[PDB]
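Colleague: Sharing a structure below in structure tokens format, with a few things to ask.
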Amino acid sequence: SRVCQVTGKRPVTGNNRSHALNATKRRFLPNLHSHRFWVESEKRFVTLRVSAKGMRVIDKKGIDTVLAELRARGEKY
Amino acid sequence: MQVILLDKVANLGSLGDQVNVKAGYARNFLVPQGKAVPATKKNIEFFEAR
RNA sequence: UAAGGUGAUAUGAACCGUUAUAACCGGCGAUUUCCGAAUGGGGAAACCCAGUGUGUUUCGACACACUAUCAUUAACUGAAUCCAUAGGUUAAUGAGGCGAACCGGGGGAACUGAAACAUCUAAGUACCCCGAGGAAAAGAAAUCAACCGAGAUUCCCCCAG
RNA sequence: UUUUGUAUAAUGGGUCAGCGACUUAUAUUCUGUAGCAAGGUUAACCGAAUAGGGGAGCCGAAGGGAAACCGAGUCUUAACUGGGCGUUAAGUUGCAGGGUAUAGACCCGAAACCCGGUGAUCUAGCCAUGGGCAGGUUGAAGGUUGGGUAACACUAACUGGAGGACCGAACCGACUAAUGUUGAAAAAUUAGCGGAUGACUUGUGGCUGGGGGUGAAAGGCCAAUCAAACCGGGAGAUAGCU
RNA sequence: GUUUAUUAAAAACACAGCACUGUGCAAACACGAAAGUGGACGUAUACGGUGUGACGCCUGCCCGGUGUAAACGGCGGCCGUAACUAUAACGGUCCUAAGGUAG
RNA sequence: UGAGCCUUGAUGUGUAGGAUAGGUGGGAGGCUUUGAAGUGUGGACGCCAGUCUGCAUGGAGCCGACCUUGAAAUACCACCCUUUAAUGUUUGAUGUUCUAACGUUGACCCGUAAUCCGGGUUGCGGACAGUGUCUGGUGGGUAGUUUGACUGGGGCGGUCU
RNA sequence: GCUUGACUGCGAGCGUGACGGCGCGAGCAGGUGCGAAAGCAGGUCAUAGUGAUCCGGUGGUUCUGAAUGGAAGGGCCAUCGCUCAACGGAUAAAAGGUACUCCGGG
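Those sequence lines, one after another, are chains A and B.
For the first sequence, full-length UniProt numbering gives the first residue as 2, with consecutive numbering after it.
For the second sequence, full-length UniProt numbering gives the first residue as 1, with consecutive numbering after it.
Structure, rendered in structure tokens:
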């Protein structure tokens, strides 16, 4: 699924409004990317489907306190 | 951004400095490969103490 | 509680009991075939096909307790790869399924009106999906009001069509 | 019943018995009746529960102007001889009835749109595994010999058994004629007809699902139906029509 | 051969042959919100899309707009040329790229 | 290589002139023999008046109102405008190097008696490829735009206030 | 010849139309013009010379002002932009040609 594993962002339904205001359903897709991480503690290359905003969050915080709450809510890696 | 280096990487570092570097350097040289620490406003003062 | 009774179509037959073990009515306990979450493997439902420990004064074949899946924890093992993970097995706990309405959440139309029609509308309605309980949700102000002040949330009647 | 006009040959009823159509809920207006009267009335709730309490609130007795504002006067204008709108003339709460609007709103009756499921046991196409094609006739490549050539080319027998070959059984299909048209049968029968060793046909199992599938292409078929299947729901959709 | 099972079997559909365009592989293209699959366990003598419809005489001229036309297309005037007309294979022109060939 | 910028220093004639002196502000003591005014050109600006500085004639004065200038200090101290020079910071174009992002439907090894998947190693491309957000253009291939009313069997063609 | 009465605020009452509209309009108050004066002038001898509503432009009105004073926005007055020519004017939003046409009827 296209779920940001760190921030919780998922696609929601929106509308592409026309000049005649014709409603058409569309989903906003988050800028999600798979990137590999190297944990020195467990000696393994872990990949995570995160957003770029999730990348900025994990640059602010760090990988360890993010994994500390990735092990919490049933996530798998 | 505000990551502090630890190694003898090329000329923007002097065994630790607060710099303003691009995002690739921080994530894809410094996040999980080593040689730095994130700027959590606590680790920077901790390594200022060290 | 009892002189009646062995449910009914439904008689008949064979009987039990009558002063305390007939039947009727209730609580508890056990048995609870097979299919069906169905759970040892499969499977076209009430079927087919196996293994490990325990038992045969008839130790051939078989019955008994098991052996489905997932999540977490613990233990034992355990790769490239030193360290260590991943992986495998076992123990324990919980769940899988059904259920009329109610609740929270995620998707969610058109018919019709506008006497045409696209904004709007119908409508977050019908319908689908996930979860929980006797209620759910919400709930103790970064809320209102206007210089007086109100003091968590919930439901009803006004204000107010 | 509809029509200017119906016995009209414009529509409907074979008959009888039973059922069946101007209602419900909420606002607003009018009439009659009923209490109180410049006052009338309670909603939620409490409650010995249609009692009583409870007047939060609503209407009216004052209106004008868009409004501030002014006020039995107000608006306009610099102000009116003025002009428009009002003033001392009773309303309110009940009940019943006649309308209006909202809803299916007197009753029955569309082509269509969307949502959730079910069907490839019929047919269209594909895949995997099996089966069938009586009989006769014509005779391709290749092999051998002879005629002919310096030798092939070309030619005459025999062998050979190829054909999206021919005639014609089962089988497949329906071009003609006839019957059947309240059928023997919701497409068949009778006699002729075309293929019938192939682009043939068939048994079994699976796959392709509806705005889609499939299609040697007719807009054919998808369970006796298809210019968008069936079932359930929005839906008692909408009608200016009968 | 095939088609409107149940009012139309053909001049309709299909058909080998011929031709054009595109695709260099993780292919073009298609079913798929994605994974994946077909194409294809194939590799420009292969594949997809399109047009025509055996075969013979044969496909003549033109690349200006979107060298290549069997693509989207075009093939008009003036005179010259095949025994007494007309038509003009051919050779100039109007710079608009060039003008109906055979039958 | 083009544009901005941080620091270092020059840079500015109404006209004569010890000298091409920018603006408002303090100021009566500073330097040179650790070699000075005053004169000269080369590259350089030019109204060819000269100045900047490398060089150089020279070996003892510059200076403060100065005896000159409409405006006085290159005695000293400050934020500055224009021109212009240096490395470097910042942002773009061009091409090269990388190997870490990323892709790998190349090969090998392990989980694994597995053509899935995950990890490692290696190679190839490579900051492209591909993706999210916003936006310009193209696009009767598709849809909504619905595209009006009066007319005597009739061929033309009009009319609307 | 002289002048702006083609001025504002009005206006009883009327005709004609379903209405809006149009038309005459005695006369009040202020301020004007002509004429010596009495008096007349609120456009054109009359019947056609017209575009309403919405939106936008311009100025004013201290009228309101989502805590206060502002401000924004709204309201009122005057005016302008439409062959809305289909002209008492349906929606922000279609015109056409079939000489590329086809079906049904008389």
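In this text, a Cβ means the ideal position worked out from N, Cα and C, and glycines have one as well.
Quick check on residue 8 of chain A: does DSSP put it in helix, strand or coil?
Modeller: In this structure, residue 8 of chain A counts as coil in the three-state DSSP scheme.
Colleague: In chain order, what residues of the same chain lie with their CB nearer than 7 Å to the CB of residue 43 of chain B, ignoring the 5 residues before and after it?
Modeller: Closer than 7 Å at Cβ, skipping near neighbours: 37.
Colleague: Check for me: the beta strand (DSSP E) holding residue 26 of chain A runs from which residue to which?
Modeller: Taken as a continuous stretch (DSSP letters only), the beta strand (DSSP E) holding residue 26 of chain A covers 26-29.
Colleague: Can you name the residues of chain B whose CB is closer than 8 Å to the CB of residue 4 of chain A?
Modeller: Per Cβ cutoff of 8 Å: no residues; residue 4 of chain A is ~21 Å from chain B at best.
Colleague: Going along the chain, which residues of the segment 20-44 of chain A sit with their C-beta nearer than 9 Å to a C-beta in chain B?
Modeller: Answer in chain order: 36, 37, 38, 39, 40 and 41.
Colleague: Beta-carbon within less than 8 Å of residue 16 of chain B's beta-carbon, same chain only, minus the 5 sequence neighbours each way: which residues are those?
Modeller: Same-chain partners within the cutoff: 4, 5, 6 and 47.
Colleague: Could you name the residues of the same chain whose beta carbon sits closer than 7 Å to that of residue 39 of chain A, not counting the 5 residues immediately before and after it, in chain order?
Modeller: Cβ neighbours of residue 39 of chain A beyond the five flanking positions: 46.
Colleague: For a quick check, are the C-beta atoms of residue 29 of chain A and residue 9 of chain A less than 7 Å apart?
Modeller: No, they are not a contact pair.
Colleague: Nearest chain B C-beta to residue 63 of chain A closer than 7 Å, yes or no?
Modeller: Answer yes: the Cβ-Cβ gap between residue 63 of chain A and chain B drops below 7 Å somewhere.
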